[PDB]
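Next comes just one chain, in structure tokens: the form deposited in one PDB entry.
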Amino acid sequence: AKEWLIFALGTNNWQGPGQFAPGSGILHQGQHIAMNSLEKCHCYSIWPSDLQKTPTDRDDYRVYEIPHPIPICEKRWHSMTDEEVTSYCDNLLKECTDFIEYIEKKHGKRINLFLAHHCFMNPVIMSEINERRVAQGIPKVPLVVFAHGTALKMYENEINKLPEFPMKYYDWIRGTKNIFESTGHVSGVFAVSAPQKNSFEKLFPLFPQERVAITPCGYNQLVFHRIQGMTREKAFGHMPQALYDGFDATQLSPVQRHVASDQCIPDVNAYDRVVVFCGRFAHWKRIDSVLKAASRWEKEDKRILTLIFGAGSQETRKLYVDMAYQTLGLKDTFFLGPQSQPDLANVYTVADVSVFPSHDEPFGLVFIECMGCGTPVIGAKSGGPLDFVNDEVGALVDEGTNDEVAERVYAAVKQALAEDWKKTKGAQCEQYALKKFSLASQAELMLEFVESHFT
């Protein structure tokens, strides 16, 4: 058996006390846990944060501690001075090489896999680290990149001459750094979705297409599984409503009066059924389709409680909250903000069905997590859900306008509740997620693929 000693350079913070993570940070964290699960495999990770700190009680990860928010492709990279970019990158490279030295000394073994998130500075840094090694007569270590899509969109914006994307990185990464111009620097790319594989190949046409594959994505079954004895009061009854700053609670109708900043949902046990959404408040998630669906079913006085989890900017929180309460007249729908993964597992455990009606969801971890807890799922016929949602575990509604998708979600929820998909499909959902998408199984497949294709 091959012994793996892996070093993984992440772009985003992990989810921890005091700071939620974006989906690409969740994915890195999960991959870390997964690879460390495997016999004969250690994985060591570094990632940036302005809020979280390197732990002093454990050695498996470090934090690149920075005094400003993490730079994003689309605080933008383009907004930084060339000096700031250089120092950010130089300092990160230095912290990477110090960690690598620690690992190699501790194990008496060289690292034999470099993982880098996104198609920008992380592969640049790791490629440079390899150059310095080969210059001392040490073998380069294979470098595998995770294409999440944001660096790719930034390059496309640069090429398309969008405001705020004056051309700076794409030409450099091709013509100076040559990162994806052969396999001399990068051994393989995993993309989260087919659209990202397509986009990568167009931008980097000298990279072998056969070395770009779809990332085998997994969920954390240790957290997301059916939580025995969970109740609605335990799961979400102590969760304060999260609206937006300056929300005016006087502008509510009599039946809306339970909606209030920082207050729990009263009498959760009184509702008949529980419908859940979870996702960041990006327009393509179509939270408004969920709200419009509830606008219809709340009139029918089946007491359906709808719970909106996830984070957004103040502007986007204001868009959906006002849409809920002012435009749509909702009264049994509540915003609970972002929540920890174990909190979400409790919620999914007691939910009747979850609705995630995204347009072109890249993969859809939320789906797998929810199914992992024994709960059926409703999506739209687009993106990654097309591959894994089937009749045994939920439903995908036909694509269309936000309004059409809303009506179709309404019909699908009505079906789910009428037919009791929680009861008839729930066991299926959990068995299917576990079998197909558990973290460790996926990481085993991922490393097999690395060994056969990228080494």
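One rule holds for the numbers: they count along the sequence shown, beginning at 1.
*Asks:* Can you count the deposited residues that have no coordinates between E74 and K75 and report it as none, 1 to 3, 4 to 9, or 10 or more?
*Replies:* 4 to 9 residues lack coordinates between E74 and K75.
*Asks:* If you average the CA temperature factors as listed in the entry, which stretch comes out higher, 155 to 163 or 354 to 362?
*Replies:* According to the entry, 155 to 163 carries the higher average C-alpha B-factor.
*Asks:* Name the higher of the two by mean Cα B-factor in the PDB entry, 60 to 68 versus 424 to 432.
*Replies:* Per the deposited B-factors, the answer is 424 to 432.
*Asks:* From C278, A324, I173, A293, can you pick the one with the highest C-alpha B factor in the entry?
*Replies:* Comparing C-alpha B-factors across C278, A324, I173, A293, the maximum falls on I173.
*Asks:* When the CA B-factors of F224, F99, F190, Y244 are compared as recorded in the entry, which is the largest?
*Replies:* Comparing C-alpha B-factors across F224, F99, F190, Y244, the maximum falls on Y244.
*Asks:* Ordered by C-alpha B-factor within the chain, which third holds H185? Give me lowest, middle or highest, please.
*Replies:* Its C-alpha B-factor belongs to the middle third of this chain's values.
*Asks:* Which third, lowest, middle or highest, does the C-alpha temperature factor of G400 belong to within its own chain?
*Replies:* For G400, the deposited C-alpha B-factor lands in the highest third.
*Asks:* Where does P254 sit by CA temperature factor within its chain: lowest, middle or highest third?
*Replies:* Middle third of the chain for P254's C-alpha B-factor.
*Asks:* Could you place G312 in the lowest, middle or highest third of its chain by Cα temperature factor, using the values in the record?
*Replies:* Middle third by C-alpha B-factor.
*Asks:* Please place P208 in the lowest, middle or highest third of its chain by C-alpha B factor as given in the entry.
*Replies:* It falls in the top third of the chain.
Note that the form deposited in another entry isn't included here; everything after this is about it.
*Asks:* For the rigid-body movement between the shown form and the other one, give the member of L439, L243, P142, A351 that sits on the hinge.
*Replies:* From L439, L243, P142, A351, the hinge pick is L439.
*Asks:* Say whether the C-alpha atoms of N12 and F277 sit closer together or farther apart in that other deposited form than in the form shown here, given that their separation changes by 3 Å or more.
*Replies:* Their C-alpha distance grows by at least 3 Å in that other deposited form.
*Asks:* Taking the shown form as reference, are the C-alpha positions of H28 and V223 brought closer or pushed farther apart in that other deposited form, with a change of 3 Å or more?
*Replies:* Relative to this form, closer in that other deposited form.
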